[PDB]
Structure formats: structure tokens, C-alpha cells
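Participant: Provided herewith is a single structure, encoded as C-alpha cells, for subsequent inquiry.
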There are 2 protein chains.
Amino acid sequence: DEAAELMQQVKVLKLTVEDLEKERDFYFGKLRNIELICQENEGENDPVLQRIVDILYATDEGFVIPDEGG
Amino acid sequence: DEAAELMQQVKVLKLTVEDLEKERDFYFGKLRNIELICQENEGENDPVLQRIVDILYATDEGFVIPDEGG
Ligand SMILES: C[C@@H](Sc1nnnn1C1CCCC1)C(=O)NCc1ccco1
Ligand SMILES: C[C@@H](Sc1nnnn1C1CCCC1)C(=O)NCc1ccco1
């Protein structure tokens with residue numbers, strides 16, 4: 001029953017995919033909403049948004065990702 | 001070659017999983033960092049953080065998720 005076990009695997013895998021897909025873009029649209037607050041207040045009123053833009057472009061990786069936070 | 005095709009499937013599935021897993025928690029820790037700015041400024045200095053907390057608890061779902069943003 002080689003493939004039979006793999007049938008279970010694609011199922012548990014795809015379901016993890018589906019729940020992860022939803023979350024990825026669920027919060028992804030959220031960062032934009034926080035960035036939209038930034039576009040409103042950056043330089044205009046509140047500098048706090050500047051350091052939250054830093055969040056949306058904070059890349060904790062091995063390689064240093066080039067970004068421009070302004 | 002039934003299982004052979006499934007071997008490919010678990011691979012492409014798991015890889016999507018792995019890249020999605022990293023992103024889920026990658027940004028997940030980020031929302032906390034934005035929330036930490038909130039804990040600093042909420043009621044103290046900047047009300048902007050209040051409406052960004054609204055983001056971290058904004059649940060675009062069918063069912064209405066009960067939350068307390070303060
Ligand atoms: C967090 C995103 S920022 C980003 N990337 N595409 N769109 N956006 C927007 C979403 C939030 C604000 C801009 C980022 O730098 N990823 C790092 C990365 C991974 C691969 C290439 O680079
Ligand atoms: C966005 C999170 S808020 C959340 N949930 N667990 N920890 N956190 C923290 C991360 C950001 C600030 C608090 C949320 O309501 N999900 C909706 C949900 C899905 C299932 C149950 O409920």
C-alpha cells in the first residue's frame with residue numbers, strides 16, 4: 001500500500017498548505033494596511049509609522065536584503 | 001507508476017509548506033513587534049497605535065470573531 005500512505009500525505013500536506021496560504025495573504029494585506037497609515041502620517045504628523053515601516057521591511061535572513069525605508 | 005507521481009506531489013507540497021511555514025511565523029513575530037510599539041504609545045502618547053492594534057485583530061472571516069481592542 002505504498003501510494004495509499006502517500007495519499008494521506010498529500011492530504012495532510014495540502015491542508016497545511018491551504019491553512020498556511022490563507023494566513024500568508026491574510027496578514028499580508030494587513031501589513032499594507034499598517035503601511036497605509038504610514039503613508040498618511042510619515043513626515044506629516046507621526047514619526048512612529050516610520051519605525052513600523054522598518055518592520056514591514058525587516059528581513060531577518062542570512063543575506064542582507066537591500067531596502068529603502070526612507 | 002502511481003506512487004511515483006505522488007512522490008513528486010509530497011515534494012512540491014512540502015516545499016510549499018516549508019516556504020509558507022517560514023512566512024507565517026516570519027511576519028507573525030512582526031505583528032507582535034508592531035503591537036509592542038502599541039504597548040508603548042497606547043494612551044500614553046500616540047493613538048495611531050490603537051488603530052494598528054485593530055489591524056492585528058482584524059478578522060476578515062464569515063463568522064464574527066470576538067476581540068477586545070480597548
Ligand atoms: C516583507 C516584504 S515587503 C514586500 N515585498 N513585496 N511586497 N511587499 C510589501 C508588503 C509589506 C510592505 C511592502 C519583503 O521585503 N520580503 C523579503 C523578501 C523575500 C523575498 C524577497 O524579498
Ligand atoms: C491575528 C490573530 S491575533 C493572535 N492570535 N494569537 N496570538 N495573536 C497575537 C498575534 C497578533 C496580535 C495577537 C487572530 O486573532 N487570529 C484570528 C483567529 C484565527 C483562529 C482563531 O483566531
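Because the Cβ atoms are built from the backbone with ideal geometry, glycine has one as well, and the counts that use them run over all protein chains shown. A short reminder: the numbers here are calculations on the coordinates, not readings from a lab.
Participant: Of the conditions (1) touching an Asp or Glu at 6+ places or on another chain (Cβ under 9 Å); (2) surrounded by 14 or more Cβ atoms within 10 Å (Cβ to Cβ), A:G29 clears all except one; give me its number.
Facilitator: (2)
Participant: Also, I was wondering about something else. Does A:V10 qualify as being of a type in the set (A, V, I, L, M, F, W, C), farther than 23 Å from B:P47 by Cβ and more than 10 Å from chain B (Cβ to nearest Cβ)?
Facilitator: Against the criterion (of a type in the set (A, V, I, L, M, F, W, C), farther than 23 Å from B:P47 by Cβ and more than 10 Å from chain B (Cβ to nearest Cβ)), A:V10 does not qualify.
Participant: While we're looking at this one, here's another question. With within 14 Å of the chain's Cα centre (by Cα), surrounded by fewer than 17 Cβ atoms within 10 Å (Cβ to Cβ), acidic (D, E) and not in a loop (DSSP other than H, G, I, E, B) as the only criterion, which of B:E5, B:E21 stands out?
Facilitator: B:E21
Participant: If you don't mind, there's one more thing I want to ask. If I ask for residues that are more than 10 Å from chain B (Cβ to nearest Cβ) and near ligand 1 (Cβ under 10 Å from one of its atoms), which ones from segment A:41-56 would you list? Please lay out each step first, then the result.
Facilitator: So the first thing to find is which residues in segment A:41-56 are more than 10 Å from chain B (Cβ to nearest Cβ), and the list is A:42-44, A:50, A:53.
Result: A:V53, single match.
Participant: Can you tell me which residue within segment A:13-22, out of those that are facing chain B (nearest Cβ under 7 Å) and out of contact with any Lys or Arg (no Cβ under 8 Å at 6 or more places or on another chain), is nearest to ligand 1 (Cβ to nearest atom)?
Facilitator: A:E21
Participant: Report every pair of residues separated by at least 6 positions or lying on different chains whose Cβ atoms are under 6 Å apart, first residue within segment B:23-36 and at the interface with chain A (Cβ under 8 Å from one of its Cβ atoms), second more than 13 Å from ligand 1 (Cβ to nearest atom) and assigned to a helix (DSSP H, G or I).
Facilitator: If the second residue must be more than 13 Å from ligand 1 (Cβ to nearest atom) and assigned to a helix (DSSP H, G or I), the pairs left are B:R24/A:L20; B:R24/A:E23; B:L31/B:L56; B:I34/B:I52.
Participant: Still on this model: Checking B:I37 against (1) in a helix (DSSP H, G or I); (2) closer than 14 Å to A:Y27 by Cα, which single condition isn't satisfied?
Facilitator: (2)
Participant: Answer yes or no: is there a residue in segment B:61-69 that is within 10 Å of chain A (Cβ to nearest Cβ) and either surrounded by 11 or more Cβ atoms within 10 Å (Cβ to Cβ) or under 30 Å from A:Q9 (Cα atoms) (or both). Reasoning before the result, please.
Facilitator: We begin by selecting, within segment B:61-69, every residue within 10 Å of chain A (Cβ to nearest Cβ); these are B:61.
Now narrow it down to the ones that are either surrounded by 11 or more Cβ atoms within 10 Å (Cβ to Cβ) or under 30 Å from A:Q9 (Cα atoms) (or both): B:61.
Yes, because at least one residue in segment B:61-69 is within 10 Å of chain A (Cβ to nearest Cβ) and either surrounded by 11 or more Cβ atoms within 10 Å (Cβ to Cβ) or under 30 Å from A:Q9 (Cα atoms) (or both).
Participant: What is the residue count in segment A:1-40 for residues that are closer than 21 Å to B:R32 by Cβ and not β-branched (V, I, T)?
Facilitator: Pass one, segment A:1-40, residues closer than 21 Å to B:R32 by Cβ: A:19-20, A:22-38.
Next cut, not β-branched (V, I, T) only: A:19-20, A:22-33, A:35-36, A:38.
Here the count works out to 17.
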